[PDB]
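Worksheet: the structure to be examined is printed underneath.
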Amino acid sequence: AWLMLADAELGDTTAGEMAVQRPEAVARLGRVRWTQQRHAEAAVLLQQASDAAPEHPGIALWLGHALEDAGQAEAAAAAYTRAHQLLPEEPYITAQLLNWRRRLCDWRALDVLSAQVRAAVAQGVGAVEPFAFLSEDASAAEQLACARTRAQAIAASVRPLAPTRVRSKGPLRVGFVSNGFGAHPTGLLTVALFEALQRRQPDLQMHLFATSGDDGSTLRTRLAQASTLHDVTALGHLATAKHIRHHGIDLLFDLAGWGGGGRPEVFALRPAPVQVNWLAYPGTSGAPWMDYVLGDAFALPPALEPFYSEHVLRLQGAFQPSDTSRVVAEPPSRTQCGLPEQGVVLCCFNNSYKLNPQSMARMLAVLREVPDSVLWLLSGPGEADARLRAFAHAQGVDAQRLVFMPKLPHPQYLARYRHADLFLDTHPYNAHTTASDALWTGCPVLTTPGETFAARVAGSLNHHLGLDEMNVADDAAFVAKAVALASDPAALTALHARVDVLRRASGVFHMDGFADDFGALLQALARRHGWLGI
Ligand SMILES: O=c1ccn([C@@H]2O[C@H](COP(=O)(O)OP(=O)(O)O)[C@@H](O)[C@H]2O)c(=O)[nH]1
C-alpha cells in the first residue's frame, strides 16, 4: 500500500525508510540499508525476505547484491544463480550471474551464459557491463556495440555544459580523472610519468582529478606532489564537471573508463573541449563525448581502428607507462612462499576472471608435459582456488602442483617474481599492469596476441621490448614454447639474461623519453584544436 512511496525516494534516503515503515517490505527495508552502505544488515533483512519467498527473483537478486557487498561471495553466488532460475530470460540477471561465476572460476554452463550475454549485447538489451564483457570471447565488433549502448543511454540522460575551446594562449592544462590514484593500477602506472613530466615539461600544467580519498600510500603522495591533485571525491557528477570546467582544462583524460566507479556522467557533461580515452579501460569507450583514444602501433593496429568510436592516437613506443622507480626487493625463500625448492616455477598472477577454461587448460598442458614444474597463481575469491585445483585434477595434473599466493602489498608481491621462471599470460583478457610488473622484474611473459586491444597488451610490451619470440600464434604454440623453455634451463637462463638487456636498451621503461613523446603528442593535439603556444 504505502510502499510505492518509498521506492520513488531512491530517485530521500531516510524519507524512503520512513515510508517502508509498515513481506516485500522486509525486502525494501533491506534494500534501503544496502543503499546506506550498511551491507551487513541489508543482507540479514533480504536473507529473511528471501526465505519468506524462496521463489521471488526480485528479492533473490537484491539479496545477492547485499551478500556480495557484504563480502560473502560464495553465498552471493547462489543468490544470483537462483534469480536466474526464476527468470531465465532476463539478460540483466544473466549478465551479473555470469560475471560473478567467472570471478569465482565456476564454469558451470559457462558457454551457455556467455552466449546469452553476447546475444543480449547484440539485441542491445540486458545492459551488460562493458568492463565485464572484456572477459568474454567476443570480437572487437561486439565490444564496440556493448560500449555504445551504455554510452548512448548515459548520453540521453545528460545535458552537456556550455561549449568551450582549447586556450590558444598556453600553458596547456591537462586533466586526468581516476579513482585509482595510489595503490591501484592507474596510479601505479602513471606516477613515474607525472614525475618525469613535471621535471621535463614544466610548460605543461598537470591536473589530477581524484575521485577517491587519500589511502595513505606512497603513490598517492607522490602523485599529489608531482601535479596539482584535486580531491573531488565528495562532488556529484555535475559539480565535478563544473569543477574541471572551472580550472579551464583543455585536454582531459579518462583514467577510469567503464568500470571502477568511473563517474561516466562527468565526461558526458563535456567539461573540456578535448577528451581522451587512455590507459584505464582496455577497449573503445564507444561514447559520443570521447574524442580520442591513445594506443600504440601494436596493441591498436590499423586493422582495429574501425572498432574504436574515437579517433585513434598513438605514441611512438608502447602505450603503457610504468613506475620505473620501483626497487624489487628479495622475496622469502621458495619454501616460505609455499614453492618446492626444486623445479621450474611457471606463474600467472592475473585476476581470477581472466582465468577462463581456455587459459587454464593451456597452463595445465605445460605442467602435464613438463615434470617437476608448478603453477603459481594469485589466490582467488570464494572457493575459486578449490574449483581450480579440481579442474587441474580433472585435466590430468596433481592438484598439489598449483600454488596459490594471497594478495600482498605491491612491494612484497613484486618481489615474488624473482622466484618465477616464466609468466604465462591469459586470453582474451591479458595481464596489463600485471604484465609490466613481471617484465620490470625481469620475468619473461609468454602471450598469444589476439584480435582485440585487451588481448594484445602483453604482446605490445613484448614487441616494444624486443621479445617477439614470446608472442606466439596460438595455444599449441603457446604450450610448445613454454615446454621448450621449461625443459631447457640453459634456455630459460638465457631468456632471463636477454630480458635484462632489452629492459635497459628498450624505450619501454624509459619514462623520460615517454614524458617527451607524450608531451609532444599533447602539444600537437592542442595545436590541432586552436592552441598557438606560449
Ligand atoms: O598480490 C598482488 C597482486 C596484484 N597486485 C596489483 O594488483 C593490481 C592488479 O590489477 P588488475 O589485475 O585489475 O590490473 P591489470 O592486470 O588488468 O592491469 C596491479 O596493480 C598489481 O600490481 C598487487 O599489488 N599485489
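Residues in the C-alpha cells are numbered from 1 in each chain, the chains being A, B, ... in the order shown, and ligands are numbered from 1 in the order shown.
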Identify, on the basis of only C-alpha atoms, every residue whose closest approach to range 30-44 of chain A does not exceed 8 Å; exclude the query and any residue fewer than 6 positions from it along the same chain; express the result as a tab-separated table (two decimals) with C-alpha atoms, in the first residue's frame.
chain	number	residue	atom	x	y	z
A	13	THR	CA	17.31	8.12	1.65
A	16	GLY	CA	12.21	6.44	2.00
A	17	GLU	CA	12.97	4.24	5.00
A	62	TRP	CA	18.54	-7.79	-4.26
A	63	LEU	CA	19.75	-10.28	-1.64
A	66	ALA	CA	23.80	-7.26	-0.49
A	67	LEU	CA	25.64	-10.53	0.16
A	69	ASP	CA	28.75	-6.04	-0.95
A	70	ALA	CA	28.97	-7.73	2.46
With only C-alpha atoms and all ligand atoms counted and 8 Å as the cut-off, give the residues of chain A in contact with ligand 1, each with its shortest interatomic distance in Å and the pair that gives it, as a tab-separated table.
residue	atom	partner	partner_atom_place_in_ligand_line	distance
A:183	CA	ligand 1	20 (O)	7.1
A:184	CA	ligand 1	20 (O)	5.3
A:185	CA	ligand 1	20 (O)	4.1
A:186	CA	ligand 1	20 (O)	7.8
A:188	CA	ligand 1	20 (O)	6.4
A:349	CA	ligand 1	3 (C)	6.5
A:350	CA	ligand 1	12 (O)	5.5
A:351	CA	ligand 1	12 (O)	4.7
A:378	CA	ligand 1	3 (C)	6.7
A:405	CA	ligand 1	1 (O)	7.2
A:406	CA	ligand 1	1 (O)	6.2
A:407	CA	ligand 1	1 (O)	3.5
A:408	CA	ligand 1	1 (O)	4.0
A:409	CA	ligand 1	24 (O)	5.2
A:410	CA	ligand 1	24 (O)	3.6
A:411	CA	ligand 1	24 (O)	7.3
A:412	CA	ligand 1	25 (N)	7.5
A:413	CA	ligand 1	1 (O)	4.7
A:414	CA	ligand 1	25 (N)	7.2
A:429	CA	ligand 1	17 (O)	7.8
A:430	CA	ligand 1	17 (O)	7.1
A:431	CA	ligand 1	16 (O)	4.3
A:432	CA	ligand 1	18 (O)	3.8
A:433	CA	ligand 1	18 (O)	3.3
A:434	CA	ligand 1	16 (O)	4.2
A:435	CA	ligand 1	16 (O)	6.7
A:437	CA	ligand 1	22 (O)	6.1
Surrounding residues of residue 344 in chain A excluding itself and chain neighbours under 6 positions, 9 Å, only C-alpha atoms, as a PyMOL selection string: chain A and resi 370-375+420-422+486-487+489
Surrounding residues of range 524-529 of chain A excluding itself and chain neighbours under 5 positions, 9 Å, only C-alpha atoms, as a short mmCIF file (atom, residue, chain, number, x, y, z; two decimals) with C-alpha atoms, in the first residue's frame:
data_model
loop_
_atom_site.label_atom_id
_atom_site.label_comp_id
_atom_site.auth_asym_id
_atom_site.auth_seq_id
_atom_site.Cartn_x
_atom_site.Cartn_y
_atom_site.Cartn_z
CA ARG A 165 37.73 25.59 -26.64
CA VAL A 166 41.43 24.92 -26.12
CA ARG A 167 43.02 28.19 -24.96
CA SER A 168 45.41 29.12 -27.84
CA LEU A 172 48.23 23.92 -21.67
CA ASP A 250 41.98 21.81 -22.27
CA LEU A 251 42.91 18.14 -22.64
CA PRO A 273 37.00 20.84 -25.22
CA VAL A 274 39.10 17.73 -25.88
CA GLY A 519 54.19 15.85 -24.08
#
My list of candidates is A:400, A:493, A:325, A:471. Which is closest to residue 509 in chain A when distances are computed with only C-alpha atoms?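 Among the listed residues, the smallest separation from residue 509 in chain A belongs to A:325.
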Counting only C-alpha atoms, the residue of A:54, A:523, A:323, A:124 that sits nearest residue 153 in chain A: A:124
Near residue 75 in chain A, counting only C-alpha atoms, which residues have an atom at most 12 Å away, once you skip same-chain residues fewer than 4 positions from it, shown as a PDB file with C-alpha atoms, in the first residue's frame?
ATOM      1  CA  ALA A  43      21.873  -8.969   3.904  1.00  0.00           C
ATOM      2  CA  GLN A  47      18.038 -13.086   3.704  1.00  0.00           C
ATOM      3  CA  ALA A  60      16.854 -13.049  -4.769  1.00  0.00           C
ATOM      4  CA  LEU A  63      19.746 -10.277  -1.644  1.00  0.00           C
ATOM      5  CA  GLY A  64      22.608 -11.217  -3.948  1.00  0.00           C
ATOM      6  CA  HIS A  65      23.851  -7.649  -4.277  1.00  0.00           C
ATOM      7  CA  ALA A  66      23.795  -7.262  -0.494  1.00  0.00           C
ATOM      8  CA  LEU A  67      25.644 -10.527   0.156  1.00  0.00           C
ATOM      9  CA  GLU A  68      28.288  -9.537  -2.389  1.00  0.00           C
ATOM     10  CA  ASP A  69      28.745  -6.039  -0.951  1.00  0.00           C
ATOM     11  CA  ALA A  70      28.969  -7.732   2.456  1.00  0.00           C
ATOM     12  CA  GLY A  71      31.946  -9.812   1.380  1.00  0.00           C
ATOM     13  CA  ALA A  79      21.611 -15.818  -4.827  1.00  0.00           C
ATOM     14  CA  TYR A  80      22.186 -14.862  -8.483  1.00  0.00           C
ATOM     15  CA  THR A  81      22.096 -18.463  -9.693  1.00  0.00           C
ATOM     16  CA  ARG A  82      18.621 -18.533  -8.133  1.00  0.00           C
ATOM     17  CA  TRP A 100      30.342 -13.449 -10.635  1.00  0.00           C
ATOM     18  CA  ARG A 101      30.842 -17.042 -11.806  1.00  0.00           C
ATOM     19  CA  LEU A 104      34.805 -17.481  -8.695  1.00  0.00           C
ATOM     20  CA  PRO A 381      37.837 -15.108  -4.035  1.00  0.00           C
ATOM     21  CA  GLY A 382      35.252 -17.547  -2.712  1.00  0.00           C
ATOM     22  CA  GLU A 383      36.211 -21.139  -3.452  1.00  0.00           C
TER      23      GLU A 383
END
Return the single residue from A:207, A:368, A:427, A:389 that is closest to residue 458 in chain A, with distances computed using only C-alpha atoms.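 Answer, going by the shortest atom-to-atom distance: A:427.
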I'd like to know which residues of range 24-220 of chain A are alpha helix (DSSP H) (by DSSP, run on the backbone); could you write them as a PyMOL selection string? chain A and resi 26-35+39-51+57-68+73-85+91-104+110-123+130-133+140-156+185-200+218-220
Each residue of range 333-447 of chain A with at least one atom at most 7 Å from range 130-149 of chain A should appear once, together with its nearest atom pair and the corresponding distance in Å (one decimal); atoms considered: only C-alpha atoms; ordering: chain, then increasing residue number; output as a tab-separated table.
residue	atom	partner	partner_atom	distance
A:353	CA	A:135	CA	6.6
A:354	CA	A:135	CA	6.2
A:428	CA	A:137	CA	6.4
A:429	CA	A:135	CA	5.9
Would you kindly return, as JSON, numbers by chain, each protein, DNA or RNA residue with an atom no farther than 12 Å from any atom of residue 303 in chain A, considering only C-alpha atoms and excluding same-chain residues fewer than 3 positions away? {"A": [140, 141, 297, 298, 299, 300, 306, 307, 308, 312, 451, 452, 453]}
With N, CA and C atoms kept, could you save the residues just selected as an mmCIF file, in the first residue's frame?
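And here's result.cif as it stands now:
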data_model
loop_
_atom_site.group_PDB
_atom_site.id
_atom_site.type_symbol
_atom_site.label_atom_id
_atom_site.label_comp_id
_atom_site.auth_asym_id
_atom_site.auth_seq_id
_atom_site.Cartn_x
_atom_site.Cartn_y
_atom_site.Cartn_z
ATOM 1 N N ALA A 140 36.068 -7.511 -31.389
ATOM 2 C CA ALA A 140 36.155 -6.068 -31.213
ATOM 3 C C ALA A 140 34.823 -5.447 -31.639
ATOM 4 N N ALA A 141 34.135 -6.100 -32.573
ATOM 5 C CA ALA A 141 32.842 -5.616 -33.030
ATOM 6 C C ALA A 141 31.812 -5.676 -31.899
ATOM 7 N N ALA A 297 51.058 1.335 -31.992
ATOM 8 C CA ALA A 297 51.073 0.579 -33.240
ATOM 9 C C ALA A 297 50.781 -0.914 -33.112
ATOM 10 N N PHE A 298 51.106 -1.498 -31.963
ATOM 11 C CA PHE A 298 50.887 -2.922 -31.783
ATOM 12 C C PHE A 298 49.558 -3.319 -31.177
ATOM 13 N N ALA A 299 49.244 -2.757 -30.017
ATOM 14 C CA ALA A 299 48.000 -3.083 -29.337
ATOM 15 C C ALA A 299 46.770 -2.568 -30.093
ATOM 16 N N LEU A 300 46.910 -1.423 -30.757
ATOM 17 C CA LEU A 300 45.804 -0.846 -31.501
ATOM 18 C C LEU A 300 46.232 -0.571 -32.936
ATOM 19 N N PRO A 306 38.878 0.625 -36.932
ATOM 20 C CA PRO A 306 37.451 0.735 -37.254
ATOM 21 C C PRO A 306 36.513 0.531 -36.073
ATOM 22 N N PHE A 307 36.922 -0.332 -35.149
ATOM 23 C CA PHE A 307 36.111 -0.632 -33.983
ATOM 24 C C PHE A 307 36.171 0.419 -32.881
ATOM 25 N N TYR A 308 37.083 1.372 -32.995
ATOM 26 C CA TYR A 308 37.172 2.412 -31.989
ATOM 27 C C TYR A 308 36.345 3.594 -32.433
ATOM 28 N N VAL A 312 41.795 7.482 -33.280
ATOM 29 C CA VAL A 312 42.973 6.830 -32.716
ATOM 30 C C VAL A 312 44.262 7.642 -32.728
ATOM 31 N N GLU A 451 42.920 -10.525 -31.219
ATOM 32 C CA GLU A 451 42.358 -9.544 -32.135
ATOM 33 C C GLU A 451 41.459 -8.490 -31.509
ATOM 34 N N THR A 452 41.780 -8.119 -30.277
ATOM 35 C CA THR A 452 41.061 -7.073 -29.551
ATOM 36 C C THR A 452 42.168 -6.433 -28.737
ATOM 37 N N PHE A 453 42.071 -5.133 -28.501
ATOM 38 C CA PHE A 453 43.096 -4.436 -27.741
ATOM 39 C C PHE A 453 43.457 -5.206 -26.473
#
Among range 190-403 of chain A, which residues carry a DSSP assignment of strand (DSSP E), reported as number ranges by chain? A: 204-210, 228-231, 251-254, 274-277, 292-296, 311-315, 345-348, 374-378, 402-403
Find the residue from A:461, A:110, A:226, A:476 that sits nearest to residue 361 in chain A; use only C-alpha atoms when measuring.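 For residue 361 in chain A, the nearest of the given residues is A:476.
Comparing the minimum interatomic distances between residue 157 in chain A and each of A:492, A:208, A:388, A:269, counting only C-alpha atoms, we find that A:269 sits nearest.
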